[PDB]
file protein.cif (mmCIF, C-alpha atoms)
data_start
#
loop_
_atom_site.label_atom_id
_atom_site.label_comp_id
_atom_site.auth_asym_id
_atom_site.auth_seq_id
_atom_site.Cartn_x
_atom_site.Cartn_y
_atom_site.Cartn_z
CA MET A 1 -2.05 -8.10 -3.30
CA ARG A 2 -2.88 -4.41 -3.03
CA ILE A 3 -0.71 -2.22 -5.25
CA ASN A 4 -1.89 1.36 -4.69
CA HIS A 5 -0.35 1.38 -1.20
CA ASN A 6 2.77 -0.36 0.10
CA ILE A 7 2.20 -0.41 3.86
CA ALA A 8 5.31 -2.56 4.31
CA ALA A 9 7.46 0.13 2.70
CA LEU A 10 5.51 2.98 4.27
CA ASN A 11 6.08 1.48 7.72
CA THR A 12 9.78 0.97 7.00
CA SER A 13 10.08 4.62 5.96
CA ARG A 14 9.00 5.81 9.41
CA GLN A 15 11.58 3.60 11.09
CA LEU A 16 14.08 4.97 8.59
CA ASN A 17 13.23 8.52 9.66
CA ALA A 18 13.50 7.56 13.32
CA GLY A 19 17.03 6.14 13.57
CA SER A 20 18.40 8.86 11.34
CA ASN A 21 16.99 11.43 13.76
CA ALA A 22 18.50 9.58 16.71
CA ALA A 23 21.87 9.34 14.96
CA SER A 24 21.75 13.06 14.17
CA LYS A 25 21.01 13.82 17.82
CA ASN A 26 23.84 11.53 18.91
CA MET A 27 26.29 13.21 16.54
CA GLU A 28 25.41 16.65 17.91
CA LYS A 29 26.55 15.49 21.34
CA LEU A 30 29.67 13.81 19.97
CA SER A 31 30.78 16.86 17.98
CA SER A 32 30.05 19.45 20.68
CA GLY A 33 31.00 17.27 23.62
CA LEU A 34 27.92 18.38 25.58
CA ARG A 35 24.92 16.34 26.69
CA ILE A 36 22.67 19.40 26.75
CA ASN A 37 22.84 21.39 23.52
CA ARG A 38 19.18 22.38 23.32
CA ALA A 39 17.02 22.98 26.37
CA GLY A 40 14.90 19.95 25.45
CA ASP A 41 17.64 17.49 26.36
CA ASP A 42 17.47 18.50 30.04
CA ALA A 43 15.42 21.43 31.31
CA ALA A 44 16.71 21.15 34.87
CA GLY A 45 20.12 20.22 33.49
CA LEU A 46 20.16 23.43 31.47
CA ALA A 47 19.01 25.47 34.46
CA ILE A 48 21.52 23.96 36.90
CA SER A 49 24.37 24.22 34.40
CA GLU A 50 23.96 27.95 33.78
CA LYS A 51 23.84 28.67 37.51
CA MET A 52 26.94 26.50 37.83
CA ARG A 53 28.84 28.18 34.98
CA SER A 54 27.93 31.61 36.34
CA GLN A 55 29.29 30.57 39.73
CA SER B 275 -1.77 7.35 12.69
CA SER B 276 -1.19 7.88 8.97
CA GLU B 277 0.15 4.36 8.45
CA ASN B 278 -2.69 2.86 10.45
CA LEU B 279 -5.20 4.86 8.42
CA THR B 280 -3.45 4.42 5.08
CA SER B 281 -3.56 0.66 5.60
CA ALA B 282 -7.16 0.96 6.79
CA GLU B 283 -8.16 2.90 3.67
CA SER B 284 -6.27 0.58 1.32
CA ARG B 285 -8.27 -2.43 2.53
CA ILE B 286 -11.52 -0.56 1.93
CA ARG B 287 -10.59 1.05 -1.39
CA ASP B 288 -7.73 -0.77 -3.13
CA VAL B 289 -8.43 -3.96 -5.05
CA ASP B 290 -6.80 -7.33 -4.47
CA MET B 291 -4.82 -7.98 -7.64
CA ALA B 292 -4.81 -11.76 -7.20
CA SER B 293 -8.49 -12.14 -6.32
CA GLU B 294 -9.47 -9.82 -9.19
CA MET B 295 -7.28 -11.14 -12.00
CA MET B 296 -8.58 -14.63 -11.22
CA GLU B 297 -12.15 -13.33 -11.39
CA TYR B 298 -11.50 -11.40 -14.60
CA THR B 299 -10.24 -14.56 -16.30
CA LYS B 300 -13.39 -16.43 -15.29
CA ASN B 301 -15.79 -13.98 -16.94
CA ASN B 302 -13.35 -13.73 -19.83
CA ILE B 303 -13.96 -17.45 -20.39
CA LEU B 304 -17.70 -17.47 -19.71
CA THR B 305 -18.08 -14.95 -22.55
CA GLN B 306 -16.11 -17.18 -24.93
CA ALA B 307 -18.25 -20.16 -23.92
CA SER B 308 -21.34 -18.12 -24.77
CA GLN B 309 -19.60 -16.92 -27.93
CA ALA B 310 -18.90 -20.50 -28.99
CA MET B 311 -22.47 -21.67 -28.36
CA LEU B 312 -24.00 -18.62 -30.06
CA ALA B 313 -22.37 -19.70 -33.32
CA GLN B 314 -23.95 -23.15 -33.05
CA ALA B 315 -27.29 -21.66 -31.99
CA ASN B 316 -27.51 -19.92 -35.37
CA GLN B 317 -26.68 -23.11 -37.27
CA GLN B 318 -29.61 -25.05 -35.81
CA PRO B 319 -32.39 -23.20 -37.73
CA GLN B 320 -30.44 -23.77 -40.97
CA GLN B 321 -31.41 -27.47 -41.05
CA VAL B 322 -35.06 -26.94 -42.02
CA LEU B 323 -34.06 -26.00 -45.57
CA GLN B 324 -33.09 -29.59 -46.38
CA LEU B 325 -36.56 -30.61 -45.17
CA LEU B 326 -38.41 -27.87 -47.07
CA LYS B 327 -37.12 -29.11 -50.44
#

call {"tool": "encode", "arguments": {"input": "protein.cif", "output": "structure tokens"}}
result
Amino acid sequence: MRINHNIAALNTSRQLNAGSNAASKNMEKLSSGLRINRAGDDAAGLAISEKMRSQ
Amino acid sequence: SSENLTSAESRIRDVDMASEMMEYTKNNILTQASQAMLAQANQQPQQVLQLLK
């Protein structure tokens, strides 16, 4: 029993700050109604969209 | 890579509470066993006085 480090809790923390991030990303789409808010969601999707909107 | 290294460093550096408390108790008894026999070791030379008189 090692006390100075709780690897079980430290590992669970990373999974905690990995579903919260995904939920935050999902709620951005739900609020805005758009798949592509940032350019990192779809580079070609962002490029095609702007050409499309312009047209 | 921090979790994998934190766990790696804990095994090298941190102590095992169970395996260490059990070892501490052992030496904590071995010193009382020596303490108990030291008292008797001093009593043994005291018996020559009854012979010297």

call {"tool": "closest_residue", "arguments": {"input": "protein.cif", "among": "B:286, B:307, B:313, B:292", "to": "chain A", "atoms": "only C-alpha atoms"}}
result
B:292

call {"tool": "closest_residue", "arguments": {"input": "protein.cif", "among": "B:323, B:318, B:308, B:279", "to": "chain A", "atoms": "only C-alpha atoms"}}
result
B:279

call {"tool": "residues_near_point", "arguments": {"input": "protein.cif", "point": "(-1.2, 1.9, 10.2)", "cutoff": "12 Å", "atoms": "only C-alpha atoms", "output": "list in words"}}
result
residues 5, 6, 7, 8, 9, 10, 11, 12 and 14 of chain A; 275, 276, 277, 278, 279, 280, 281, 282, 283, 284 and 285 of chain B

call {"tool": "resolve_selection", "arguments": {"input": "protein.cif", "expression": "the PyMOL selection byres ((chain A and resi 36) around 12)", "output": "PyMOL selection string"}}
result
chain A and resi 25-26+28-30+32-35+37-50
